[PDB]
Structure formats: C-alpha cells, structure tokens
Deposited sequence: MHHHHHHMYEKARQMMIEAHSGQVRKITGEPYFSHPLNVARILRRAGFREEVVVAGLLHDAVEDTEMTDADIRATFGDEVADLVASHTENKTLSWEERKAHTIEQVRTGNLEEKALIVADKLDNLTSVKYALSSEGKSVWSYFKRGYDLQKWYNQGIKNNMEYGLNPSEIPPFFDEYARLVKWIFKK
C-alpha cells in the first residue's frame, strides 16, 4: 500500500473523508482490515465505537468460511443494493487496492500477476464497477467512483 499514508485503512479513510462522508463512515472504512485481518470482532467494535459504526463495518465484511467466488458475488450484490454509505465503503476499499495494483503493473504481466487469476479478478472488479451506481441519483455519485472505473478499464481492458 502506497501514498500518502502507506496503510490501506488510512488511505481508504482519506478517500471517504475527501468525498464528504461523515465520521462514522470514515471510521467504518478505517476498521475494515482490523476485523478481517485480526482477532478483533463485531462485538468489540460495538462495545467501543457503537452500533452505527459496527453496522457500517458489518455491511462489507466477508464471511471467511465461504469460497472466494461466493464472498465476491456477495460483495457485488451489496454494492448494487446498499445505500450510498455502504456503496462508498466497498468502492473506496477497492480503489485503494487497485491503485496498488496499477503501481505494481507499471514497473509484471497482468496475465501472471493475480494469485486468483486474471479472469476472476476481472469478473470481480468489473462487477463492482458495473453495479456501484445502481439506484443512485447522478448528483450523489462520489467523484472517486469515476477514479475506480478508470482503474478497472486500465487494468482489465
């Protein structure tokens, strides 16, 4: 994970803050990796940060007992049907991830880069890109959604 904070949670929080999202949303973005990558749980988040943040976090957390294809399909459905905040949490997370991917590829064959393989990564990112605007009014789509779309088009053309 690259600039400016050299930390995925800090960079995702910045994308959300700059897009105008309230503090509860920014913090939910910050805590995503804490829940998925450490022993911290949903109950720990509720006890310390409250139910609103805990619920925002839970909206994008993967159930790790499911296969990659199933976890990913569930995220696509959530980016389609969630509210603006829920959609933003998912897109911001993917945007920082693809930013690091573009950086790696700019030095590294896209057909050999992904451990889950190109086809699956393409299917996934195109799925987020093609569903993130569903049900949103043009005036509320965050500018960073366009940055993610451009990255998907660049990496998976």
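The deposited chain is incompletely modelled, with C-alpha atoms absent over 1-27, 135-136, 187.
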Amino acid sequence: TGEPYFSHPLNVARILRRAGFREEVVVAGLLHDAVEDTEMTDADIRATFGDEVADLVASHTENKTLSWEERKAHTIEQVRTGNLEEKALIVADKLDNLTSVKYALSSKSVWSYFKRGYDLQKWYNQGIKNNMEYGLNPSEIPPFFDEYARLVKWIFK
From here on, numbers count along this sequence of modelled residues.
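Annotation for 124-132 versus 59-67: the higher mean temperature factor (C-alpha) is found in 59-67. Judged by mean Cα B factor in the deposited record, 114-122 ranks above the other of 87-95 and 114-122. Residue-level temperature factors show residue 138 in the highest third of its chain, judged at the C-alpha atom.
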